[PDB]
Amino acid sequence: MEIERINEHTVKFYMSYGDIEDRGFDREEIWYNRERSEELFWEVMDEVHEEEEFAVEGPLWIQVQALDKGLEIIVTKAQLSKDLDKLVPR
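Mapping the sequence shown onto the entry's author numbering, position 70 (from 1) lands on 70, and the numbers just tick up by one.
This is how it looks when you write it as structure tokens:
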């Protein structure tokens with residue numbers, strides 16, 4: 001597979017259909033199950049886990065698009081807006 005580090009909170013990766021097949025998932029089964037989707041995300045959090053241990057204090061968030069023989073998947077985290085309450089409309 002193919003990985004990117006946008007910043008500390010957003011990551012994305014690109015997953016060819018054969019990377020999904022290798023793991024014994026299916027491009028369709030990933031989306032059409034729900035618990036079996038999570039395993040994809042665990043596989044990429046794993047690729048970062050020695051740093052995710054500093055930031056495992058909120059949920060995962062996922063977005064995707066499909067491409068000719070694979071998908072790009074973005075993953076995001078709430079820590080991106082842990083600071084928020086200090087902002088005011090003044």
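Backbone N, C-alpha and C fix where the C-beta goes; we use that ideal spot for every residue, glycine too.
beta-carbon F54 near the ligand NAP non-hydrogen atom, thresh 6 Å: Summarising the ligand content, the structure contains no ligands, and the ligand NAP is consequently not present.
For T10: DSSP bridge partner residues: As a first step, residue 10 must be located in the sequence shown, where it is residue number 10. DSSP, once it has assigned bridges, lists no residue as partnering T10.
Cβ neighbour criterion (16 or more within 10 Å) applied to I30: Here residue 30 refers to the residue found at position 30 of the sequence shown. Buried is the call here.
Bounding residues of the beta strand (DSSP E) (the contiguous stretch that carries residue 91): Residue numbering for the chain in the displayed model covers 1 to 90; residue 91 lies beyond these limits and cannot be assessed.
Residue of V75, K86, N33 and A66 minimising C-alpha distance to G58: Here residue 58 refers to the residue found at position 58 of the sequence shown. Selection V75, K86, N33 and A66 evaluated against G58 yields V75 as nearest (Cα-Cα).
Collapsed DSSP secondary structure at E4 in the structure displayed: If you number the sequence shown from 1, residue 4 lands on position 4. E4: strand per DSSP, three-state reduction.
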